[PDB]
Amino acid sequence: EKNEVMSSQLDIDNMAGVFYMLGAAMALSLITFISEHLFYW
Amino acid sequence: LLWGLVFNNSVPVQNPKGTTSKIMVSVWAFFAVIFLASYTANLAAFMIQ
Amino acid sequence: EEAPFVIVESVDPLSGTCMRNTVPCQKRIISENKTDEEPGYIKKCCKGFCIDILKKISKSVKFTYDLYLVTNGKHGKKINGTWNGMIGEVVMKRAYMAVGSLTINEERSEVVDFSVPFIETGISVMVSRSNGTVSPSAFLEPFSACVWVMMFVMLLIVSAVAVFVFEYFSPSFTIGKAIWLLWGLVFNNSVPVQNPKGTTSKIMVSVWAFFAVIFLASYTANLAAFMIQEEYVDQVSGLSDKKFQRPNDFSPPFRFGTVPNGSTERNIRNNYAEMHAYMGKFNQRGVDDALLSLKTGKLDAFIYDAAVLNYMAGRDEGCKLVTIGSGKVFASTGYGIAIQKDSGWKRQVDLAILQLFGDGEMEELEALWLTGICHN
Amino acid sequence: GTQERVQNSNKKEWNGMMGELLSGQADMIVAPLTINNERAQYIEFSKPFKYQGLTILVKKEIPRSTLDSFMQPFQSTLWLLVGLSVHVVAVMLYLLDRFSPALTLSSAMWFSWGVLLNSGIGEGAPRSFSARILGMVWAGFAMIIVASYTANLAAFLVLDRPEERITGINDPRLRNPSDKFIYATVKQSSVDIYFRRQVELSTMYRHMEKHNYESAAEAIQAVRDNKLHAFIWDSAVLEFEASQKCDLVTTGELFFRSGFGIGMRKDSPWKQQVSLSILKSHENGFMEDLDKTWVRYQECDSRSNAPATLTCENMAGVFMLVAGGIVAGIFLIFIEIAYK
Amino acid sequence: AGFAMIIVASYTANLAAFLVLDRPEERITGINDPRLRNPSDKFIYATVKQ
Ligand SMILES: N[C@@H](CCC(=O)O)C(=O)O
């Protein structure tokens, strides 16, 4: 059956979606800050 | 408070002496710990295969 | 046809007789009564292990043969000083020979002769694969007794160093508060009192929390790895387990039994008395009906020769019915081909079986007719 | 027993135990003599009292942790990236907090650095709406990181099976040998004859006798010190040799079904009497008693691949890390004293 | 607190062990399957006549 021996590691290429979401959250925080700063004005 | 209680504890301000609020928080923490357990379990099962 | 070594095929519908591979075995059996000499001869065919070995013997030692299928009295048992079935037919010079499963025994060897055993067997016990189990110390298993003691020593010395150095030389931080804080920080957070504004103390607490979360992660990982790979061991044994010598230990209906008029039956008779009585109290039907009753929870254990039980427990899919341990025999005597008393063919068939053993033909015949499904 | 033949007298004679038996000075063989068509020509045997065979033998060692250090599962660059990301998100929380219309930067960095490694100190948490929507996702990120960490280290701790035990004769030993492990037997033996008998077994015997041994105890010793990896011999011999030291266990399955047997002289009544007595003895627990008493001393198996316990050898990395942290704190207390 | 930690740790290992040993497929790999050994009444297998 060719048993899947997944004794591998997690490099930057193996896991980048979490960092992508973190960047998306940073962008979401930045525009919300900008929107609030414009809303006071 | 709820978002920190589900995601592995940041720093909230404890609810007041309200007993029903405390019971609700306890039930939510039970749900949160069970969610984290299931997530880790199905993630290990996902990663092994 | 009681064993999976020679089967009973009715007829091939095309040729009006048997097929090309197997050897036809006539059935000279009285259908309903012995009123006349009607043999009820149906062109049946016998295939399997014993038929192949008989064909090999006939190819090596040149002789012709005809299969007087059965006397239809028994598998062989002394009744009032008289043998029946195969032994009864081979003792009265009615067939001069016999083949199949005799299961060589002293009582049978007293009258009828026997050749060398060509296959191993013995009294065995097949029990169902009970639900999985786990060691009662699963919680303490996945970490050695070294990691725990080293963690406590490091915890004590870290608390002491932290307090003494950072606290004084920077509502006070004593040793009790610090040890409680550390013990709660390693065991999934109780309620401590936060350390003072001491930066080095805060750094020490951070490093200890990192160590704690890594320890918890490793513990959970090696505990899941410990729990995933767990198995059972076996049943107890054949002649052991005083519950077998006293059925009043616990759950008296520990169902087990044997088929009457058999080798194992006579063995239990001559060997045991209370065991034989309790087995006869739970007497069962034929091998197929007995296995069906075992699979439906009505029975708990079954006693039969090692070959048939091993074949059945390995051929059936699902691996629900297995044998005790890795397979252990207790009265290993072996099968054999019966031979008329004082016959001069014993040496010839003996040498033939020996040279076939040396030729590795039976090694292939095993995979041909004995391999199962649960051999994984 | 040997059927030695030569052209000096053009006749073959039995020399050995069977020779002394056929000579007339001996009466019967009670030694563990195997059965075969060759020896059955001159003499006749009796019913067997045992069922021996040939099974492979291999050294058995405790399983071992296999984990070098704690930094194994992800990377070094992964830890570096997550650290720089912690710093970047802390300074971004500070920027978003003070700009909007109170996290002093130190307190925000403490909050960040605490909510990734699950606790620590430092009450205080952003009150700026931009930061409040930022952290939540940071706590989520830390939860995801921790969850991925234990799954990955537990997945690596359950897919480590370095045994690859030889299950029998249908193994690559029959297909093709290699230079990693070796397998052979003692020269001038019955197993060697049976190997030279068959067709594929002939090539197997050639590949084995290329570097075969010439002793049983020497082969056992070589297996004990990893000189020779596996040798085939009689089942009972190695079965006794395994349960006496509890250092190596047997393996594979017995296929050669030749058992021992009392060797009698041709055409004697003692032959028949002997077969009836050995079969009766085989039935009344006698043979089983002798087996359990004489050859099977104690069940020291403890087999079936008990899982990896972790051990004071891999967490040593974390202990060295916490010791280095202790040293760093011993330096940092004086650094902070000077700074103050 | 130690007891609670042990309970929680045993919980996720056990549910994750049950979520990785569930293989209800048992796909037929070829002709060396129990279809050749002996059929049953659960599933059936045949072809078009003639
Ligand atoms: N082989 C036995 C029947 C099966 C058994 O007793 O285990 C006989 O011929 O009597």
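Reading guide: rules and limits
Residues numbered from 1 in each chain as written, not as in the entry; some residues may be left out. Chains lettered and ligands numbered in written order. Part of a larger assembly, values for the part shown. Heavy atoms only, no water. Residues with missing side-chain atoms left out of burial classes, pairs and counts. Helix = DSSP H or I, 4+ residues; strand = E, 2+ residues; numbered from the N terminus. Pairing = 2+ DSSP bridges. Disulfide = S-S within 2.5 Å. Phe/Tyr/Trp six-rings, centres within 6.5 Å; stacked < 30°, edge-to-face > 60°. Contact = heavy atoms within 4.5 Å. Nonpolar A, V, L, I, M, F, W, Y, C, P; charged D, E, K, R; others polar.

Method information in the entry identifies cryo-EM as the source of the structure, with 3.90 Å recorded as the resolution.

Chain D is annotated in the PDB entry as Isoform B of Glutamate receptor ionotropic, NMDA 1 from Rattus norvegicus. Here the PDB entry title reads "Rat GluN1-GluN2B NMDA receptor channel in complex with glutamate".

As recorded in the PDB entry, chain A goes by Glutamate receptor ionotropic, NMDA 2B and comes from Rattus norvegicus.

Moving on, we get to the overall build of chain D. Secondary structure assignment for chain D yields 13 helices and 7 strands. On the principal axes, the C-alpha backbone points of chain D span a range of 115 × 45 × 40 Å.

Another point: the sheet that holds strand β7 (residues 263-264) of chain D. Residue and element names in this part refer to chain D. Across the sheet, which stays open at both edges, the 3 strands sit in the order β1-β7-β2 with antiparallel pairing between neighbours. The outermost strands of the open sheet, each flanked by one partner alone, are β1 (28-29) and β2 (44-45). Examined bridge by bridge, β1 and β7 share 2 bridges and lie antiparallel to one another. Looking at the pairing, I29 lines up with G263 of β7.

Residue C:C146 pairs covalently with D:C312 via a disulfide, S to S 2.0 Å. Between C:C146 and D:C312, the disulfide has an S-S torsion of -80 degrees and is therefore left-handed. Here C:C146, found in helix α4 (residues 145-168), pairs with D:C312, found in the loop between α12 (286-295) and α13 (316-339), and the two come from separate chains. C:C50 takes part in no disulfide bond, and the closest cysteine sulfur to it belongs to C:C46, at a distance of 10 Å.

Residues and elements named next belong to chain C. One ladder, built from 3 bridges, connects strand β6 (residues 123-128) with strand β7 (residues 303-305); its direction is antiparallel. When the bridges of β7 are listed, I123 appears paired with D305. Looking at chain direction, β6 and strand β8 (residues 321-323) are connected through 3 bridges and run antiparallel. Note on β8: the bridge partner recorded for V127 is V322.

The subject of this paragraph is the packing of aromatic side chains. In this description, a pair of aromatic rings is defined by centroid distance and the angle of the planes. Ring geometry for C:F143 against C:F215: centres 4.9 Å apart, planes inclined by 10 degrees, an arrangement best described as stacked. Aromatic rings pair up to connect C:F143, C:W148, C:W208, C:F211, C:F215, C:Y219 and D:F319 into one cluster.

Peptide bonds are trans in most cases, and residues, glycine excluded, mostly fall at negative phi. One non-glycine residue, C:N261, lies in positive phi territory at about 60 degrees. Residue position: C:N261 is located in the loop between α6 (199-228) and α7 (263-271).

At the interface, 52 residues of chain D touch 62 residues of chain C. Looking at the side of chain D that touches chain C, the elements with two or more residues in it are α2 (39-42), α5 (129-158), α7 (190-197), α11 (269-283) and α13 of chain D. A total of 10 residues in the side of chain D that touches chain C trace back to one element, the largest contributor, which is α13(D). Residue composition of the side of chain D that touches chain C, grouped by class: 32 nonpolar, 11 polar and 9 charged.

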